[PDB]
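Naming: A, B, ... by sequence-line order, numbering from 1 per chain. What you see below is based on every heavy atom in this structure, not just the backbone, and it leaves out hydrogens, waters and symmetry mates.
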Amino acid sequence: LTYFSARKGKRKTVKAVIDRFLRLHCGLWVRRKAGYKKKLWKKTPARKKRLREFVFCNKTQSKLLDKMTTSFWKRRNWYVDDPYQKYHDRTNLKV
Amino acid sequence: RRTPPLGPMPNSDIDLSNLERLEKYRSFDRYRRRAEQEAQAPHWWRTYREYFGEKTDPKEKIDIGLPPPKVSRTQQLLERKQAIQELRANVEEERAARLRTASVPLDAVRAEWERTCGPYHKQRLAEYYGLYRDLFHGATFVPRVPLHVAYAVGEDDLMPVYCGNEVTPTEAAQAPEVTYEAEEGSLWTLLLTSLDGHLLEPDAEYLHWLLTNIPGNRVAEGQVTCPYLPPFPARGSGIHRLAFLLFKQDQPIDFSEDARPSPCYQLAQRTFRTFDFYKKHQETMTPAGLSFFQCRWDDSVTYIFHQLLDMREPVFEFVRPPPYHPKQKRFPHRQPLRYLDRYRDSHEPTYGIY
Amino acid sequence: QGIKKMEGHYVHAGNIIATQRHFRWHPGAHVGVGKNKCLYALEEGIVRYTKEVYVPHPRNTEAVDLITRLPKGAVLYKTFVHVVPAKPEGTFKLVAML
Amino acid sequence: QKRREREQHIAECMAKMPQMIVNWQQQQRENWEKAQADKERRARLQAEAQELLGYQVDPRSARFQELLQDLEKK
Amino acid sequence: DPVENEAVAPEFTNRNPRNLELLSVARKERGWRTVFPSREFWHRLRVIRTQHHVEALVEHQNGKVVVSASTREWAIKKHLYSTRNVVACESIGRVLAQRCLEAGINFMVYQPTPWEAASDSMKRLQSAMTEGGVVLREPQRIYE
Amino acid sequence: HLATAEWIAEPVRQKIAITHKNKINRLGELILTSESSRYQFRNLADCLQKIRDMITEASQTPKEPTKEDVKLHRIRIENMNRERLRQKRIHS
Amino acid sequence: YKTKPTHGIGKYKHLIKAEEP
Amino acid sequence: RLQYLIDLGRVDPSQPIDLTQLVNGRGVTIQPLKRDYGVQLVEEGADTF
Amino acid sequence: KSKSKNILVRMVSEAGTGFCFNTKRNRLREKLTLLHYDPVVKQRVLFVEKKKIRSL
RNA sequence: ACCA
RNA sequence: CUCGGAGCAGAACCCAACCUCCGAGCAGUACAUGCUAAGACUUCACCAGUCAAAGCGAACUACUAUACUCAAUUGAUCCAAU
């Protein structure tokens, strides 16, 4: 990671992460499953369907992806017709 | 470590010294029949029967019915054998049976069935429908008096009541035509109770009809202790049992203190408990006949609730338990994105402080 | 592999009760079997294990060939697992007085 | 236009499908009848051997198949 | 001024042992898929064929026989040349179907073995059940 | 009150009273309820759209043979075997 | 289960004749 | 939020309300540099407005 | 690698929807015609093999 | 033909 | 040098060895081996892998079926071809 840039003295975003993961404002990260476009001819429909899910990351990965991205990527956005709009806030979550 | 078995283990009585000599279940059906006999025996290990089978009371079910008829098996067996010989003697019957063109007269079968196995078939059927369980709290009786009940539908049709068939409340708008075989000078009591229709108490019944001190089979001449009120199965409350009970009386009985007014449109007065009713009058009364039908809501039940009973029509729904979900985690690792929909309350977008 | 839910345990519908490579435990009441011989709960309730008489399907040639060679009077037993459902299917509730 | 053009194409291709299916099934049934015929044809050739097994078992079958073909072509 | 007739409990107790089943919402005993026969039914037809007699039963999954018809009954035997040929199997079918309708039983499963399924005697007993109104497939359970 | 309603054609009011008997209370009021929204606007809009649908459906009188539902099949058989036990009068 | 009095209730191979080529 | 701003006197309903009046009443904070294109009027609170 | 029996082939819907799917067939076998469910038209239709995807 |  | 089965490791699970043995880098049937979705398992992480009610579509009256037989029969990302 770049903790301090040579031009701005600022930490930089790892753009590999931006191209693979979605950050919801609540702090969850959403990924695709590895291998969901590979060798479909040998995978069962149950396996193919599992491979097509959008899934959540665990705490360790979330903490890691938070550290590899700057604050811009954690701001609340108000995109029009965002497919994920309802997934940005948590409901009925205890501890 | 080993624990010795608590009793005879399966297959221990099989002598395996002479294995090749022992006979085998050369057939599947042969094995199966022995297996089902084995499944029925009591066992000292845990069984499906222990966990799923109904826990019947150890004491035998008290019999409260009429005594069985006296029959001479010797004379019957002789006459019974004679009749078959005559059938088999005929050459035409042998040919139809051989050519698979013979048939039985169902009307005659039914006619004879009423007098031999009918009573005992009606008892097992009333036991499966749980009438002795509810009406008499487990006490049983064989309905040895064939009871025929029919609701008049239109002008040319009848609707029998039999044992468990379905009659609609419209068909049963008006009292049924009842007939049975009774000797002159005998006294009877006939009641119709809804076992399942009660709208307030789970353990109570509704008295739909009561005729007492009937002379013989002259039902019309019986005292109208409780007037006839058609079944009113509430909507969405399912299928109800409606049971006719024919009681044999030892003597004329006075039911003045249990009579309902005419007309009787108060559900609090029609509240009834057959076990309490019979227990009071068991000493001079004996169950003899049994018929019953099943009844679900139709449009005519609205008229009963609105007009006759002067009330609102109660409507029920079958409500299932809410679906189970594990406790929501802050990080639902590897769950699909719709995991969040399982814990959402509303589908419309929220906005918080904005 | 092995038992995931022992005797007396409360399961929800779907809970895998036991995994196995060969049939050590056979499905009983309200216990489904997956195509890998996975025993799972079909209802919500309590897990039971019992010893029952084993009667194969007449189309299962290998098992049927076994029983046909058994000495008369010999009955096969297997260990079965059941789920005793905890709740009723639903209730009838008053929704209107019209 | 593109939408209409595609819907028309599907309805067009879908108007022929019922005939395409039966024609296909007829050709499946016809081939299936030749599978059984081929089985019976082969079985007869072996029965003619009358269990005269040995070394001259592989070429024996081939020559008789060709011989029957010569008569069929004529 | 509360109307007493409108005193209705919030929950309705229907003790009819067939209510949930007649609504197709009751549990059938699924499972038992390594053993024969299945338990996933409310009622089943069971035919017992012996050396001298033919008996057909309708029983609940709980093991209680609901209705029954056997050639051992004098009512049926007195009209049969033989109590063990196809005609008796077909006759037991016609008799029991009538006793089924009079008992409210309209649906059941029949669980034959492959040889029993193909036999003409059973093939005639089932068509006698079909002609009598009884349907030998049960409606599916309603889960939702 | 469906009967008093005059903005609904008399024939429709008759037909509606039949096909929605279970929504008519003791007093003759047709009652419609929507609770599929957290906004009263959108629940009332659904209530009015039901009224607006009952009328359109009644006036159209569709005679198309709809696909038989599963729950209906059970009733048809149960109904068929109830008119099979229907007897006749001994002396016609 | 081996420590249980019901251990071996599923034994069956002793009831069959040994057929092992 | 609109109703609350009017009830507290921060937006004046007696005159036209556009972006300038909502910003000046501190009712919304607009960030054009973060690609804001204005305010979307959302329905939350419609029953009591 | 040298050994090869089956091949992966593309099966295109004859319904004109553009729906395709892959199946294996013996290399020496003739070109496949199959009746397969087409989701776009929501009914089973004919599919014809068009191209070999790869060798298995 | 044979990049990853 | 990856993956499966057996012993070591006897009975929930797990368990090493340049330890003892045996195997796999496929075939075959389908062409709904279509869609979708509760609840779960999990090779000690992750990645990957697994099983499945209900539902929608189908299929359908006697082991099969909304999840083929089979033990492994296998290869991420980028990129390339389309």
The nucleotide from K/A40, K/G55, K/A12 with an atom nearest the side chain of E/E144 is K/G55
Hey, does the side chain of A/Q61 come within less than 4.0 Å of K/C47's phosphate (OP1/OP2), counting only N and O?
-> yes
**Request:** Using the P atom on both, measure K/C47 against K/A59 and round to a whole Å.
**Result:** 40 Å
When you measure from the centre of the six-membered ring of C/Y77, is the NZ or CZ of C/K51 closer than 6.0 Å and no more than 45° off the axis?
no
Re K/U43: Watson-Crick or G-U wobble partner, both distances kept under 3.5 Å, found to be none
Partner of K/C3 under the Watson-Crick or G-U wobble criteria, both distances under 3.5 Å, comes out as K/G23
**Request:** For residues C/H82 and E/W32, establish whether the separation of their ring centroids is below 6.0 Å.
**Result:** yes
By the Watson-Crick or G-U definition, both distances under 3.5 Å, K/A30 is matched with none
Name the nucleic acid region contacted by A/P45, choosing base, sugar-phosphate or nothing; use a 4.0 angstrom heavy-atom cut-off, strictly under.
sugar-phosphate
Side-chain N or O of A/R47 less than 4.0 angstrom from OP1 or OP2 on K/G49?
-> yes
pair_partner(K/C35), Watson-Crick or wobble, both distances < 3.5 Å, evaluates to K/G55
Worksheet item: For residues E/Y143 and C/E89, is any side-chain donor paired with an opposing acceptor at under 3.5 Å?
Response: no
query = Side-chain donor or acceptor of B/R1 under 3.5 Å from a matching atom on the base of K/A11?
reply = no
Protein and nucleotides 2-4 of chain J: nitrogen or oxygen contacts under 3.5 angstrom:
none

Item to check | K/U69 vs K/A27: Watson-Crick/wobble pairing, cut-off under 3.5 Å | outcome: yes
_With a 3.5 Å cut-off and heavy atoms only, can you find an N or O donor on one side and an acceptor on the other between the side chain of E/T113 and the base of K/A62?_
no
Distance below 4.0 Å between B/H325 side-chain N/O and K/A38 OP1 or OP2: no
Check: K/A48 base within 3.5 Å donor-acceptor of B/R334 side chain
yes
I/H36 over K/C31, stacked by centroid distance under 5.5 Å, angle under 30° = no
*Is the shortest distance from a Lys or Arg side-chain nitrogen in D/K16 or I/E14 to a carboxylate oxygen in the other one below 4.0 Å?*
no
Checking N1-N3 plus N6-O4 or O6-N4 for Watson-Crick, or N1-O2 and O6-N3 for wobble, each under 3.5 Å, the partner of K/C8 is none
Re K/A81: Watson-Crick or G-U wobble partner, both distances kept under 3.5 Å, found to be none
Considering only heavy side-chain atoms of B/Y324, the closest of K/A11, K/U61, K/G39 is K/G39
Quick note, C/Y40 side chain, CB onward, closest among K/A54, K/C51, K/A58 is K/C51
